[PDB]
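Let me begin by presenting the structure, written as structure tokens, before commenting on it.
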Amino acid sequence: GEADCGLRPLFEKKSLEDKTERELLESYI
Amino acid sequence: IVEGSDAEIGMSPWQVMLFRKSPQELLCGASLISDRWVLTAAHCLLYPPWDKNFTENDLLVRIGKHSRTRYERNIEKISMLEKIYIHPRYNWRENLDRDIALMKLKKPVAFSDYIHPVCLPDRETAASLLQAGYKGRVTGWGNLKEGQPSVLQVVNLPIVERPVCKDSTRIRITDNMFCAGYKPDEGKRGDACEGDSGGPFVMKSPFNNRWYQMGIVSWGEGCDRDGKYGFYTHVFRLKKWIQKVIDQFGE
Amino acid sequence: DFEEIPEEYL
Ligand SMILES: COc1cc(C)c(S(=O)(=O)NC[C@@H](O)[C@H](Cc2ccccc2)NCc2cccc(Cl)c2)c(C)c1C
Ligand code: NA
């Protein structure tokens, strides 16, 4: 794929988390 | 999106609006997977039973958007289509098997804070994350109930066990689909709805912190009904076709 | 229903 894919400028690139991404992580048991 | 919430700014920078030229209207969602390729559902472009057969010139893609209706000056970019590619085995007659299509843009779109491609999964990311109970995220500007949103909506939904998907419907379910949504017992709700089709079902890899597009909003019977689930095109299963079209027709 | 987009795009 592309080198920078799936890394969001306003979130991952700046190390900010969106308000519900943690709901996804918590489901990956 | 039913029972979702407003997206944050820059939350889904790969989200694309499929926009009809005349009359000016939202057709579907879509996703940006490189500077010149946009992924969507075949049925957004081709559905003979309802006399839908768009050509390149019927359509625009609007990238970088948040508001549904507003022209987002200095933020969104609007792109014309060079070429449409519908999966040759898209089953519009029976069950929307292989509900996938690619659109090549006339020119590359410039990436920004609001415009950025999503990853496509490898076999291992799919094996690892496409599991019942695991949550993905669906975004779109589609209907709020089976009115319309001011801004991009977001909902997180769990992948559902395959026997449960099958038993929820009379439609024949194939290996190129998965379903997602909460059960009636589970006490949370949410679903895609009309206008959301062709948009992405994404998951954030806990391994490399990257968002992968695992599904494409494909179909449901109603929106947010109890005992029903939304059905998504299984993107990894169709990835050979994706690469074939891009290798062949990409520059 | 939608805000008119610039004419160039049409
Ligand atoms: C050809 O196979 C189908 C065709 C139609 C036309 C329908 S339907 O009953 O009309 N529902 C689909 C429709 O509501 C849309 C998708 C669509 C739109 C136009 C043409 C074809 C399909 N569903 C959007 C949606 C709602 C809730 C959840 C999700 Cl994931 C998607 C269904 C289920 C199947 C299997
Ligand atoms: Na549902």
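Chain letters run A, B, ... following the sequence lines, proteins first, then strands; residues in each count from 1. Just follow the structure's listing: the first ligand is 1, and inside any ligand the first atom is 1. Side chains included, hydrogens not; waters and symmetry mates left out as well; all remaining heavy atoms used.
Within the set B:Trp219, B:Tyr90, B:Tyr47, B:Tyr232, the minimum heavy-atom distance to atom 6 (C) of ligand 1 is found for B:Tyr47. Distances from atom 14 (O) of ligand 1 to the heavy atoms of B:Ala41, B:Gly220, B:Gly222 put B:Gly220 nearest. Looking at B:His43, B:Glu94, B:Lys52 and measuring to atom 21 (C) of ligand 1, the nearest heavy atom belongs to B:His43.
Between B:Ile171 and B:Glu221, the shortest heavy-atom contact is CG1-OE2, 4.1 Å. Here the closest heavy-atom approach between residue B:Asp97 and residue B:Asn176 is recorded as OD1-ND2, 2.8 Å.
At a heavy-atom distance under 4.0 Å, only side-chain atoms of B:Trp50, from C-beta outward, approach ligand 1.
Under the 4.0 Å distance rule, the nearest protein heavy atom to atom 19 (C) of ligand 1 falls inside the cut-off. At a distance under 4.0 Å, a protein heavy atom can be found next to atom 1 (C) of ligand 1.
Set against the non-hydrogen atoms of B:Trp92, the atoms of ligand 1 under 4.0 Å away are 1 (C). Near B:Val217, with a cut-off below 4.0 Å to any heavy atom, the atoms of ligand 1 are 29 (C), 30 (Cl), 31 (C). With ligand atoms numbered from 1 in the order given, ligand 1 contributes 30 (Cl) to contacts under 4.0 Å with heavy atoms of B:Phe231. For ligand 1, the atoms lying closer than 4.0 Å to a non-hydrogen atom of B:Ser197 are 16 (C), 24 (C). Against a heavy-atom cut-off of under 4.0 Å, B:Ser218 is close to the following atoms of ligand 1: 16 (C).
Protein heavy atom in closest approach to atom 28 (C) of ligand 1: B:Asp191 OD1, 3.3 Å. Protein heavy atom nearest atom 27 (C) of ligand 1, with residue, atom name and distance: B:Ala192 O, 3.2 Å. Ranking protein heavy atoms by distance to atom 26 (C) of ligand 1, first place goes to B:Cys193 CA, 3.7 Å. Looking only at heavy atoms of the protein, atom 34 (C) of ligand 1 is closest to B:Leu96 CD1, 4.3 Å.
In this structure, B:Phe178 has its ring center at least 6.0 angstrom away from the ring center of B:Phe231. Aromatic pair B:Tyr85/B:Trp37: centroids less than 6.0 angstrom apart.
Using a cut-off of 4.0 Å between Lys/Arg side-chain N and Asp/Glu carboxylate O, B:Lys204 and A:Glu12 are scored as salt-bridged.
Below 30°, between 30° and 60°, or above 60°: for B:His234 and B:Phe236 the angle between ring planes is between 30° and 60°, a tilted geometry.
Hydrophobic clustering (ILVMFWY, side-chain heavy atoms < 4.5 Å, transitive): B:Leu26 and B:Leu152 are in one cluster. Follow the hydrophobic side-chain contacts under 4.5 Å out from B:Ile78 and you never reach B:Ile115; the two are in separate clusters.
Other residues, nucleotides and ligands contribute over 12 non-hydrogen atoms within 6.0 Å of the CZ atom of B:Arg172.
There is a side-chain donor-acceptor pair under 3.5 Å between B:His43 and B:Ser197.
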